[PDB]
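Position 28 (the sequence shown) corresponds to 28 in the authors' numbering; numbering is contiguous. Written below as structure tokens is the structure these notes are about.
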Amino acid sequence: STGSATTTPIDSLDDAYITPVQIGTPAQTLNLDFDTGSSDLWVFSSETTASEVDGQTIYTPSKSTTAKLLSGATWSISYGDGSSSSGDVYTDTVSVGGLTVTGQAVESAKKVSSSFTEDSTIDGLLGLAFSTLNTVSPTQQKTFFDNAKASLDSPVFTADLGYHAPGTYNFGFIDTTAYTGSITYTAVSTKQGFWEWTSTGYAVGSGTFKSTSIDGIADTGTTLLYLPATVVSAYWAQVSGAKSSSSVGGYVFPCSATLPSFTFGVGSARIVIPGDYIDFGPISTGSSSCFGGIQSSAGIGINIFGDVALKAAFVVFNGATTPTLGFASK
């Protein structure tokens, strides 16, 4: 089997991407944030505290003939941005882009933090990291990908995120028309439950490439590119007037700037992030200070190749017995 679904930016900044997902019988379609940095499929639901729902589409398990309470199971998750959610669990039929999993754990939110409430466009998350990170207790549950894997033509999914445009998540096959050149595969460590890999270095604009190992995660659920302070300083030093602002919470730059590109290494290959991808616009409406798309990972504890990086590439998440990550230009 295979699946193919379009993923669409939630706003003009590509702050996140939503992908329609069919849950239950008859289908209830919710727009979920596919997140390769976590491993819970959770949804706004009929059980979500009413004051914490503001425009989201909810899953109502009582209206699904295939929903079953997973008796005794609860979940609770906190994300790197400080947001969180928790609730109980149902199993139900879940389909993405024509690919169906029966018996998928659908984590029904009873509570969500303010960041989720305030985002009316995101009806929940679909985690695509390794199932060892799944938070369901007392019986840990498998991700949609893990459940689908054995049925897939090939044990892979791919992320092809657009810049200010829709893109595609494919399951079970590699679309050879969706990228240019060849795919370079690189080793993955699953020890922390993430798609964790080591970039071989970076360049700033037309500058020379610096060979240096940068361990980080491929995380579709993180907006920006978070790298070591040394790397980030080297980037922003090339932008006149750029500075790190503690009041704002990171690097800002004059909105009048033309940003240089940023290149990262994958083996001997190179992925170029155009300068425009690194512009996240005014810090507040009408401001002439703009927020940067490359930020320091210092104090996160991990480097994160988020959407800013991933959208510059066609990315293969290879869930074979020895997982790997592939990157191609596009």
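Every residue, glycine too, gets a C-beta built ideally from N, C-alpha and C.
{"Item": "For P323, the three-state DSSP class (helix, strand or coil)", "Value": "coil"}
{"Item": "Enclosing alpha helix (DSSP H) for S233 [first to last residue]", "Value": "229-236"}
{"Item": "Beta-carbon proximity of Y59 to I23, cut-off 8 Å", "Value": "yes"}
{"Item": "Alpha-carbon to alpha-carbon, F173 and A105", "Value": "24 Å"}
{"Item": "Closest residue to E196 among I217, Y202, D33 (Cα-Cα distance)", "Value": "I217"}
{"Item": "C-beta atoms of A109 and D92 nearer than 8 Å", "Value": "no"}
{"Item": "Start and end residues, beta strand (DSSP E) containing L126", "Value": "124-127"}
{"Item": "8 Å Cβ cutoff met for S211 and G201", "Value": "yes"}
{"Item": "Residue interval of the alpha helix (DSSP H) (run including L310)", "Value": "307-310"}
{"Item": "Rounded straight-line distance, which links the Cα of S240 to that of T223", "Value": "24 Å"}
{"Item": "DSSP three-state assignment for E118, whether helix, strand or coil", "Value": "coil"}
{"Item": "Own chain residues within Cβ distance below 6 Å of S213, not counting five before or after", "Value": "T198"}
{"Item": "Secondary structure, beta strand (DSSP E): runs of 3+ residues fully inside the region 49-129", "Value": "68-78, 84-96, 99-112, 124-127"}
{"Item": "One or two residues paired with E196 in a DSSP bridge", "Value": "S189, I217"}
{"Item": "Host alpha helix (DSSP H) of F144 (start-end)", "Value": "144-148"}
{"Item": "Terminal residues of the beta strand (DSSP E) in which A269 lies", "Value": "269-273"}
{"Item": "Spatial neighbours of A269 in its chain, beta-carbon cut-off 6 Å, leaving aside the 5 residues before and after", "Value": "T184"}
{"Item": "Touching by the beta-carbon criterion (3+ pairs, under 8 Å), the region 109-122 and the region 11-18", "Value": "yes"}
{"Item": "Length of the line joining the Cα atoms of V156 and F171", "Value": "6 Å"}
{"Item": "Cβ pair residue 336, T7 closer than 8 Å", "Value": "With the chain covering only 1 through 330, there is no way to say anything about residue 336."}
{"Item": "Heavy atom of the ligand PLP within 7 Å of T212 beta-carbon", "Value": "In terms of ligand content, the structure shown is empty, and the ligand PLP therefore cannot be addressed."}
{"Item": "Presumed contact (8 Å Cβ cut-off) between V231 and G292, rounded CB distance", "Value": "Not really, about 13 Å apart at Cβ, beyond 8 Å."}
{"Item": "Buried or exposed (CB count within 10 angstroms, at least 16 for buried), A50", "Value": "exposed"}
{"Item": "Nearest candidate by alpha-carbon position, reference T208, set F194, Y235, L227", "Value": "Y235"}
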